[PDB]
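S.K.: Here it is: the structure, laid out below.
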Amino acid sequence: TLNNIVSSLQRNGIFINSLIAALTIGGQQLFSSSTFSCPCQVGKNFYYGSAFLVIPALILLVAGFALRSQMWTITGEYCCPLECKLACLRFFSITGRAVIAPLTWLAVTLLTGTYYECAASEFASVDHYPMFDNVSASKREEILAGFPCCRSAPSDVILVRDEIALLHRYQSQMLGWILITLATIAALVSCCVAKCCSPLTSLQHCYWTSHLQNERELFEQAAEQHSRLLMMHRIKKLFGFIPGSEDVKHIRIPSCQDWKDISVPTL
Amino acid sequence: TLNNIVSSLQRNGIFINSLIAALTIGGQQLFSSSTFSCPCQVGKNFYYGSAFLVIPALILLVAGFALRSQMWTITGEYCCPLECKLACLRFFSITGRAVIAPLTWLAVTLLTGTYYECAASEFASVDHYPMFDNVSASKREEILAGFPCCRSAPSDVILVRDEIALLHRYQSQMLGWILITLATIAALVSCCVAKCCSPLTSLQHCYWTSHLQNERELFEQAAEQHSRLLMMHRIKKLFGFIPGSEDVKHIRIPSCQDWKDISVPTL
Amino acid sequence: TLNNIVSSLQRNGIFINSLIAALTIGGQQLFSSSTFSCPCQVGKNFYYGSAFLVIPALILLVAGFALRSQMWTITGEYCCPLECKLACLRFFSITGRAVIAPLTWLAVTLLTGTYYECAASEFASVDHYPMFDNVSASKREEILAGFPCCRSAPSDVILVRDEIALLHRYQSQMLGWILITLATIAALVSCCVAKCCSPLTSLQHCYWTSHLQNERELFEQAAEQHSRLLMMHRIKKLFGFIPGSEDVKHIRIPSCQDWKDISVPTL
Amino acid sequence: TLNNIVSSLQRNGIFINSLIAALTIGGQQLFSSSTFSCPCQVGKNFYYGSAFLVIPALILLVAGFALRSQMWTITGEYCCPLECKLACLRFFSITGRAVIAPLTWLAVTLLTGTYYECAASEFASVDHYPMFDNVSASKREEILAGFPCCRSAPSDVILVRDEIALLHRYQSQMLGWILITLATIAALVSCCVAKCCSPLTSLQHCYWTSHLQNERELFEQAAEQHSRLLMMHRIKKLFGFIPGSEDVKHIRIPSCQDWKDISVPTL
Amino acid sequence: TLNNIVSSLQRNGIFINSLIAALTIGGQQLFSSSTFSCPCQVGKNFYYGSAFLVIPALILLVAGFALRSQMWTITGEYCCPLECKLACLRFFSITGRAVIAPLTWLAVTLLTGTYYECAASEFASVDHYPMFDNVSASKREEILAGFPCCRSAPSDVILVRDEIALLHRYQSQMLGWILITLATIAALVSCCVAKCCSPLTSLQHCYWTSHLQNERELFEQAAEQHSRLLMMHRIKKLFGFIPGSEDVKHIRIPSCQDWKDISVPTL
Amino acid sequence: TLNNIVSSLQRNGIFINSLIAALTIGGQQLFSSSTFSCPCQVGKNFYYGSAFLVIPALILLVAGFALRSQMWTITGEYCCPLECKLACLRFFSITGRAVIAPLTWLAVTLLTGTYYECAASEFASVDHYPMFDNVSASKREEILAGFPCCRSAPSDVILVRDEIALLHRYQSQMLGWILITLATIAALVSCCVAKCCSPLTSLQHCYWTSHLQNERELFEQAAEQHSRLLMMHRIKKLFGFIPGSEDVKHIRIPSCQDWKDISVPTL
Amino acid sequence: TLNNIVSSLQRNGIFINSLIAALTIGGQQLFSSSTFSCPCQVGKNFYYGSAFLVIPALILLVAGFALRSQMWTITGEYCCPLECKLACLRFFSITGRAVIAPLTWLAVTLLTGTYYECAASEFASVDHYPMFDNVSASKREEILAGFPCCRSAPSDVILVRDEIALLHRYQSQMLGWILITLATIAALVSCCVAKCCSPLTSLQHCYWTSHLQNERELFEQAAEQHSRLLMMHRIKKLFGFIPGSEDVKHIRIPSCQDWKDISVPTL
């Protein structure tokens with residue numbers, strides 16, 4: 001009864017997507033809490049933010065795309081009528097499985113907001129503040145870039161720093177919610193257009209998916225058994241018996257040529 | 001049902017790669033936290049950093065290459081047409097399995113950044129600082145090399161030290177992300193060119209891999225059983241019975257010559 | 001299914017080597033943390049270091065060599081053509097299994113570096129220091145040998161002591177990495193030359209190894225059963241029945257001579 | 001499958017030797033930490049040290065010798081050609097099993113070194129010290145014997161005490177390592193000469209050992225069953241039935257003489 | 001498989017002796033730590049020590065002697081040629097089993113030494129001490145007997161008290177080691193003379209021991225079954241059926257005389 | 001296999017005696033630590049001590065005597081030749097089982113000694129003390145009886161109190177050891193005289209004990225089954241069927257007289 | 001094997017009595033520690049003590065008497081020769097089972113003594129005290145009744161209070177021990193006279209007890225089965241089938257009269 005429920009869960013795409021999202025959330029939390037520290041330099045801040053903000057998303061998207069076995073077969077069908085549309089729907093299902101990880105990464109890393117603070121701590125619009133009128137541009141950038149990591153100045157500085165930080169947190173969380181909403185709407189309309197352009201009815205689709213799955217599994221098992229039988233026959237030609245038999249009555253000692261015979265596997 | 005899932009996991013290259021990466025991450029964490037200490041000498045710092053940065057990567061790469069049994073057979077096929085391409089694809093799969101460990105080692109040890117600080121704490125560009133103009137070159141190197149390990153000087157020194165350390169941490173993490181991105185792109189394009197140059201179709205590849213695996217396993221088992229039968233027959237010639245039989249009726253006491261007979265195994 | 005995986009692991013030389021290395025690492029850690037203390041005398045320091053550095057390596061190497069049963073049989077074949085090369089390859093495999101322990105001992109005890117500090121705390125090159133010019137040679141050695149174990153002097157002394165200790169730690173860890181690299185290169189080229197000088201092909205080697213293993217096991221079991229049958233027959237001659245039978249109908253009481261008969265085992 | 005692995009471990013002499021060594025190490029640790037205290041008298045110190053250093057070794061050696069059943073049979077063969085050499089090899093195996101305990105006791109109790117400090121705290125060579133010139137011989141011995149257990153004097157006394165203690169610890173640990181090395185070399189050359197003087201080949205030895213083991217076991221079981229049958233027959237002569245039968249139809253009440261009959265066991 | 005190993009351990013005299021020794025050690029530790037307190041009177045100290053030192057040893061020796069069932073049968077054989085020697089060897093084995101407990105009690109209670117301090121705290125040789133010259137004999141005994149339990153006097157008194165206590169601890173532990181060595185030597189030479197005077201060979205001894213054990217067990221079981229059958233027959237004569245039968249067809253109501261019949265068991 | 005070892009332990013009188021002794025020790029410890037407090041009155045102390053010292057011993061002895069079922073049957077045989085001696089031996093075995101509890105109670109409560117202090121704190125021989133010469137007899141008793149429970153007076157009083165308490169503890173523990181030794185000697189000589197006066201040989205005794213045990217058990221079971229059959233037959237006469245049968249075909253409704261029939265059980 | 005030991009324990013009256021005594025001890029401890037508080041009024045103290053001292057004993061005695069099923073049947077035999085004596089012995093056994101609870105309640109609540117202090121804190125004999133001569137009778141009672149619960153007066157008052165409390169504790173514990181001894185003696189002599197007046201022999205008693213037990217059990221089971229069969233037959237007359245049958249072929253729908261038929265159970 002164990003493998004029954006195991007396969008029932010494996011079929012559930014919802015469970016797999018939930019597992020992927022939860023693992024990405026935990027990994028993002030650990031990654032941020034462990035190996036993140038603002039450089040607070042003059043020009044090397046925005047890049048340090050955008051790297052952690054963007055690069056893991058691209059990496060996880062590429063990983064979700066390439067790690068899917070069926071994607072390789074589909075590309076091989078494409079790489080050097082109805083088949084085109086069915087391949088399009090297969091590619092669509094693969095993309096739907098893959099997109100979950102980078103999307104949840106972006107969403108969580110924006111809702112936490114600590115990356116955006118260190119990302120755009122230099123573009124802060126400072127125009128109506130009492131302490132930022134006399135200072136030159138260079139020292140202005142210098143004292144503005146020192147806000148995110150630490151604080152050491154009198155109370156007015158920490159007040160304006162908290163204000164700027166709260167503004168940037170608001171901007172980050174708003175961007176995160178906008179991304180969530182836009183992504184959900186896009187996914188919904190994409191599933192809708194996929195249902196619209198599907199040449200199969202509601203029932204033929206189920207049969208088609210089951211057909212693809214069963215095809216891959218059965219061909220794997222059958223090719224395995226066939227090659228096993230062939231190698232067993234070559235072994236019987238070499239030694240003179242079957243590896244599975246018991247109390248073998250004839251044992252043919254190999255000669256110096258039959259080793260050369262078995263050296264090549266005939267591909 | 002246990003061995004079913006055990007073999008199912010063993011087949012999953014993703015699981016094995018995840019295990020290798022996690023073990024390397026844990027080992028790197030323990031290794032760094034336990035047996036690392038900056039020498040903070042005048043010329044013996046960059047080497048102390050580059051050693052921990054580089055040598056374990058080379059060692060783990062060589063270990064991932066040599067520990068693969070199939071690699072030895074392939075090299076023996078090479079060491080003193082279609083076969084060439086199939087051997088190339090096998091070598092490619094072995095390299096794909098092996099490269100994971102040193103890559104993750106480099107990635108984690110750069111993202112942590114504590115090795116790079118002690119690695120290039122001497123090349124620090126000190127040109128626009130108030131305390132480093134009057135001091136001579138030798139004492140400048142002396143006070144610059146004492147930054148990474150400890151702090152003992154007044155507040156200006158600790159301020160410039162924190163600034164230099166943050167700059168170097170930024171550089172280290174940027175190098176780590178660049179390495180990650182470049183490596184992922186290289187792996188993707190390499191899998192692409194491997195799919196392009198493959199003389200087999202999408203289905204022949206599965207049969208070929210299953211064929212190699214089954215060939216190795218079946219030949220091992222068959223050679224074992226054959227040698228066991230041969231040694232059992234020599235034992236029956238020595239003592240006069242089969243090691244597996246029960247209630248043996250004839251027991252031939254060995255003579256002083258038959259010991260010499262069994263002394264050599266006939267290779 | 002238990003003994004299946006047990007034997008599968010036992011076959012894996014990688015698992016056994018990993019276990020040996022981990023056990024040696026743990027033992028070295030406990031040994032160093034428990035029963036090590038620097039004597040800090042004038043001439044009795046370098047020996048106290050080199051002992052812990054060297055002697056356990058030699059002991060573990062001898063233990064890895066002598067504890068291998070096959071090594072005794074090979075030496076007996078040597079002690080008072082093709083056979084020579086096959087024995088050479090067997091000796092090579094035994095050496096490959098054995099060398100792991102002293103190598104990992106040296107590697108870990110050098111990477112930790114605490115043994116090297118107490119080993120060469122007397123050869124410290126003291127030529128450009130402000131406090132070591134007026135002092136005579138004897139008191140110089142006296143105050144130099146008191147550095148590794150403890151500290152009791154003013155701040156200049158502890159500063160120069162920390163500098164010397166860091167220099168020696170750097171030297172120790174560099175020597176450790178050099179040893180690791182040289183040993184790995186030597187092992188690789190030795191496996192290469194072993195593959196080069198092997199008179200067997202890639203397939204004959206597998207059969208040969210399985211043959212040796214099965215030969216030893218089957219001969220053990222067969223000799224055991226034969227001697228058991230012989231002793232059972234002598235027991236039947238003494239008492240008048242078989243130790244395995246039930247409801248024995250005849251019981252021959254032994255006489256005063258048959259005890260003398262069974263006193264000798266006929267070798 | 002339990003008793004399979006139990007017997008497999010029992011055969012492994014390495015496991016038994018490891019267990020003996022570990023138990024002796026633990027016992028020595030507990031014994032030293034619990035019931036040891038330096039008397040710090042004038043002439044009663046060296047004996048108090050040498051007792052704990054020596055006597056347990058002799059006791060454990062005698063225990064390892066006498067507790068071996070086969071040793072008693074061999075001595076009986078000796079006590080009031082080829083047989084001599086085979087008995088010599090058996091005695092050698094027994095000695096090899098037995099020697100492990102006192103050797104590890106000496107090794108651990110010397111490496112810990114706390115016994116040697118209290119053992120030779122009187123032979124300390126005091127000739128170049130500032131406080132030991134004016135004092136007479138008797139008070140010199142008195143203040144020298146009070147060093148190991150406690151300290152109560154000014155700083156110069158505790159300094160010279162720590163120096164003497166470190167010197168004696170160095171001497172103790174050096175003696176321990178010398179003992180370890182000499183013992184390992186002796187054991188190796190003794191196994192070598194045992195292999196040299198063995199009249200049996202490499203294969204006859206295995207058969208001989210299995211023969212001895214099976215002989216002892218089978219004779220025990222057979223003698224047990226024979227005596228059981230004889231006593232069962234005497235019981236049937238007394239009461240009139242077999243202790244194993246059920247629904248016995250005849251019950252012979254014993255008479256006043258048959259009790260005298262069963263009083264003696266006929267030896 | 002449980003009772004197999006249970007009986008295998010029960011046969012091992014080494015295991016039983018180890019259990020007895022460990023239990024006696026634990027009991028001695030608890031007994032000493034719980035219910036021991038020095039009276040520190042003038043004449044009632046040596047007895048309070050010697051009681052705990054001696055009486056438990058005698059009690060445990062008598063318990064080890066009398067609790068052995070075979071000892072009672074042997075004494076009955078003695079109480080109102082070859083048989084004499086065999087009974088002597090049986091008595092020897094019983095003594096060897098029994099002596100372990102009082103010996104280990106004495107050994108542990110002497111090695112701990114706290115009993116000997118309170119035992120001979122009055123015989124202290126006080127002849128060369130500065131405070132014990134003017135005091136009379138009575139007050140001398142009074143202040144000497146107050147040392148073991150407590151301390152309340154100035155520093156010179158506590159110094160001489162610690163010296164006397166250390167001297168007595170040394171004496172106690174030396175006596176303990178002497179007892180251990182003498183006892184082991186006596187046991188060894190006694191086993192030797194037992195092997196010398198044994199009229200049986202090495203093999204007849206095993207048969208004899210197995211014979212004694214099997215004799216006792218089989219006679220117990222057979223006598224039990226015989227008496228059970230006899231009582232079952234008397235019950236059938238009383239009630240009219242067998243206690244083991246089912247669906248009994250005849251039930252004989254007992255009369256007023258048959259109760260008198262069953263009142264006596266005919267011995 | 002459970003009930004096998006359960007009955008094997010139940011047969012072991014040593015195990016039952018150990019359990020009784022341990023339970024009595026624990027109960028005495030709890031009883032003393034919980035509900036004991038010295039009254040410290042003028043004449044009501046010795047009784048308060050002797051009660052706890054004596055009464056539980058008598059109670060436990062009576063409980064060990066009366067709770068034995070066989071003792072009741074033996075007394076009934078006595079209450080209104082060879083039989084006399086056999087009954088004497090049975091009574092002896094019962095007494096040997098019973099005496100353990102009060103003896104261990106006395107032993108432990110004397111070795112702890114806290115009961116004896118409160119028992120004879122009035123008979124203290126006070127004749128050579130500096131503070132007890134001027135005081136009258138009444139106040140002397142008053143201040144002497146206040147020693148065991150509490151202390152409130154100056155240091156001389158607490159000193160003499162500790163001295164008296166230590167003297168009484170010594171007396172108590174000496175009495176306890178004397179009781180232990182005398183009791184063990186008495187038990188040994190009593191077992192000896194029981195072996196001397198036994199009319200049975202060593203083997204007839206085993207048969208006799210097994211006979212008594214089996215007699216009681218078998219008669220119980222047989223009487224139970226007989227009465228069960230009789231009541232089942234009366235039930236069949238009442239209702240018309242057997243309580244064990246199924247699908248009974250005839251059901252006889254009872255009449256107003258048969259209830260009167262079943263009202264009496266015919267004894 | 002579970003129910004075997006369960007019934008074996010249930011038969012053991014000793015186990016049931018131990019359980020009852022332990023439960024009563026625990027309940028008394030909890031009851032006293034939870035809901036007891038001295039009123040310390042002028043006339044309402046002795047009643048508050050005697051209530052907790054007496055009433056629970058009477059309640060537990062009545063509960064032990066009435067809760068026994070056999071007691072009801074015996075009383076019904078009595079309520080509106082040999083039978084009289086057998087009923088007397090049955091009543092005796094019931095009383096022996098029942099009396100344990102109130103006796104142990106009284107014993108424990110007297111040995112703890114806290115109830116007796118609050119019970120007779122007014123009858124304190126105050127005649128030779130320095131502070132109780134001038135005070136009138138009313139205030140004397142007032143200050144005497146305030147002793148048990150609390151203390152608030154100077155040291156002389158607390159001294160005389162502790163003295164009175166210790167006197168009353170002594171009296172309480174003495175009364176408890178007297179009760180224990182008298183009760184045990186009464187129980188012993190009562191069992192003796194019960195054995196004396198028993199018209200049955202030692203063996204007829206066992207049969208009689210087993211007869212009573214089996215009679216009750218078998219009659220219960222048989223009456224149950226008979227009534228079940230009768231109701232099943234009435235159900236078959238109502239509906240037309242048996243409640244236990246399967247695939248019933250005829251189903252008789254009930255009419256408006258047969259409901260009236262089944263309305264009465266015919267008693």
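Chain lettering (A, B, ...) mirrors the order of the structure tokens, residue numbering begins at 1 for each chain separately, and ligand numbering begins at 1 in order of display.
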What lies within 6 Å of stretch 113-127 of chain E using only C-alpha atoms, ignoring chain neighbours under 4 positions off, as a compact mmCIF listing (two decimals) with C-alpha atoms, in the first residue's frame?
M.R.:
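And here is the file that came out, selection11.txt:
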# COMPACT_ATOMS: atom_id res chain seq x y z
CA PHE E 46 40.70 -0.79 65.38
CA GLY E 49 37.88 -1.03 61.04
CA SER E 50 38.71 -4.73 61.20
CA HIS E 168 48.51 4.77 55.89
CA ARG E 169 46.99 4.96 52.40
CA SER E 172 46.88 -0.09 52.58
S.K.: Pull out every residue of chain F that has at least one atom within 8 Å of chain E, counting only C-alpha atoms, and report them as a ChimeraX atom specification.
M.R.: /F:111-112,166-167,169-170,174,177,181,184,188,195-196,202,206-208,210-211,214-215,218-219,221-222,225-226
S.K.: I need the residues in stretch 45-129 of chain G that are alpha helix (DSSP H) according to DSSP; give them as a ChimeraX atom specification.
M.R.: /G:46-66,69-78,82-98,100-112,114-119
S.K.: Between atom CA of residue A:160 and atom CA of residue A:141, measure the distance and give it in Å to one decimal.
M.R.: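 One can read the atom CA of residue A:160 to atom CA of residue A:141 distance as 14.6 Å.
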S.K.: What lies within 7 Å of residue C:24 using only C-alpha atoms, ignoring chain neighbours under 3 positions off, as an mmCIF file with N, CA and C atoms, in the first residue's frame?
M.R.:
data_model
loop_
_atom_site.group_PDB
_atom_site.id
_atom_site.type_symbol
_atom_site.label_atom_id
_atom_site.label_comp_id
_atom_site.auth_asym_id
_atom_site.auth_seq_id
_atom_site.Cartn_x
_atom_site.Cartn_y
_atom_site.Cartn_z
ATOM 1 N N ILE C 20 38.399 3.899 6.668
ATOM 2 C CA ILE C 20 39.740 3.946 7.244
ATOM 3 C C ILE C 20 40.182 5.388 7.447
ATOM 4 N N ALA C 21 39.981 6.230 6.431
ATOM 5 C CA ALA C 21 40.397 7.623 6.539
ATOM 6 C C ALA C 21 39.645 8.343 7.649
ATOM 7 N N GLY C 27 40.703 9.360 15.271
ATOM 8 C CA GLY C 27 41.715 8.925 16.215
ATOM 9 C C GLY C 27 42.821 9.945 16.391
ATOM 10 N N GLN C 28 43.252 10.573 15.295
ATOM 11 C CA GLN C 28 44.270 11.611 15.395
ATOM 12 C C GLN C 28 43.760 12.797 16.199
ATOM 13 N N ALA C 101 46.091 4.816 5.194
ATOM 14 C CA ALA C 101 46.065 5.227 6.596
ATOM 15 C C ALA C 101 47.223 6.154 6.969
ATOM 16 N N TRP C 105 47.002 10.152 7.956
ATOM 17 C CA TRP C 105 47.528 10.588 9.245
ATOM 18 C C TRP C 105 48.470 11.769 9.068
#
